[PDB]
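Protein chains in written order, with UniProt numbering: chain Y, 172 to 260; chain P, 1062 to 1099, 1104 to 1150.
In this text, a Cβ means the ideal position worked out from N, Cα and C, and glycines have one as well.
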Amino acid sequence: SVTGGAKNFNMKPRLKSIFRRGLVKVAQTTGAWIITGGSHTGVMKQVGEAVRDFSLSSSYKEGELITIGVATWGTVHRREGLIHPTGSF
Amino acid sequence: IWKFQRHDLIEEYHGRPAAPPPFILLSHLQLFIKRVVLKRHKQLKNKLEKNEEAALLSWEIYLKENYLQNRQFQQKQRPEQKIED
């Protein structure tokens, strides 16, 4: 479970390097479950990008590093389109 | 030298029309009347989709950083490097 700064986050390049190799390398072998906050800002964006390019560069490899995000229902921008009374399949 | 010499022959025959030369006039007439009124083949040079080329270049720039670590790591195993360390 990775946590960090959401809206006001700044990082040196050396810190950026560990997310690309250290977090992804230790996530991809063991078959982990990266759980984090669901947001497009800050550190969660860094985890979201650094897990995406692995799936492209995997060259049709089996399995994907599964990622589950948890955020509050209140602070969502366009959630009025999400509420469907029937099963929004 | 031969493997380098291999290419241009395949080029010249790829560009050539298909007829044996007693019938190559049948090819010359259609091309001469098409260039009378008003481009490589798309198997040796093609302008890709922009949206495709972005994905291809991102894949490339991913793979470069994977090359560089092995390069510098095996460069750390020369003996002169060990003596310096």
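Could you list which residues in chain Y have their beta carbon closer than 8 Å to that of residue i, in chain order?
| i | result |
| --- | --- |
| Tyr1127 (chain P) | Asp224, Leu227 and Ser228 |
| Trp1124 (chain P) | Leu227 and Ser228 |
May I ask whether a heavy atom of the ligand NAP can be found less than 7 Å away from the beta carbon of residue i?
| i | result |
| --- | --- |
| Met182 (chain Y) | In terms of ligand content, the structure shown is empty, and the ligand NAP therefore cannot be addressed. |
Exposed or buried, what is residue i when buried is set at 16 or more other beta-carbons lying within 10 Å of its beta-carbon?
| i | result |
| --- | --- |
| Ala1080 (chain P) | exposed |
| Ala198 (chain Y) | buried |
| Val222 (chain Y) | buried |
Is DSSP giving residue i helix, strand or coil here?
| i | result |
| --- | --- |
| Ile205 (chain Y) | strand |
| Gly219 (chain Y) | helix |
| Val247 (chain Y) | coil |
| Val173 (chain Y) | coil |
| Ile1071 (chain P) | helix |
| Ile239 (chain Y) | strand |
| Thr257 (chain Y) | coil |
| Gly213 (chain Y) | coil |
| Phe180 (chain Y) | coil |
Could you work out which residue in the options is closest to residue i when comparing CA atoms only?
| i | options | result |
| --- | --- | --- |
| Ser210 (chain Y) | Y:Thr174, Y:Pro184 and Y:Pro256 | Y:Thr174 |
| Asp224 (chain Y) | P:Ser1123, P:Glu1114 and P:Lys1115 | P:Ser1123 |
| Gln1134 (chain P) | Y:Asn181, Y:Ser188 and Y:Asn179 | Y:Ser188 |
| residue 263 (chain Y) | Y:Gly202, Y:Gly245, Y:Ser230 and Y:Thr246 | This structure cannot settle anything about residue 263 (chain Y), because the visible part of chain Y is limited to 172 through 260. |
| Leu1128 (chain P) | Y:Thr212, Y:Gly245, Y:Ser228 and Y:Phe190 | Y:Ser228 |
| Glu235 (chain Y) | Y:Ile254, Y:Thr200, Y:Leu186 and Y:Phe260 | Y:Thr200 |
Say whether the stretch 231-246 of chain Y touches the stretch 203-219 of chain Y, bearing in mind that this needs 3 or more beta-carbon pairs closer than 8 Å, one atom from each stretch.
-> The stretch 231-246 of chain Y vs the stretch 203-219 of chain Y: in contact.
Touching by the beta-carbon criterion (3+ pairs, under 8 Å), the stretch 249-260 of chain Y and the stretch 217-232 of chain Y = No contact exists between the stretch 249-260 of chain Y and the stretch 217-232 of chain Y.
Specify whether the stretch 1074-1090 of chain P and the stretch 185-194 of chain Y touch according to this definition: at least 3 beta carbon pairs, one from each stretch, less than 8 Å apart.
-> A contact between stretches requires three or more CB pairs, one per stretch, nearer than 8 Å, and the stretch 1074-1090 of chain P fails this requirement with the stretch 185-194 of chain Y.
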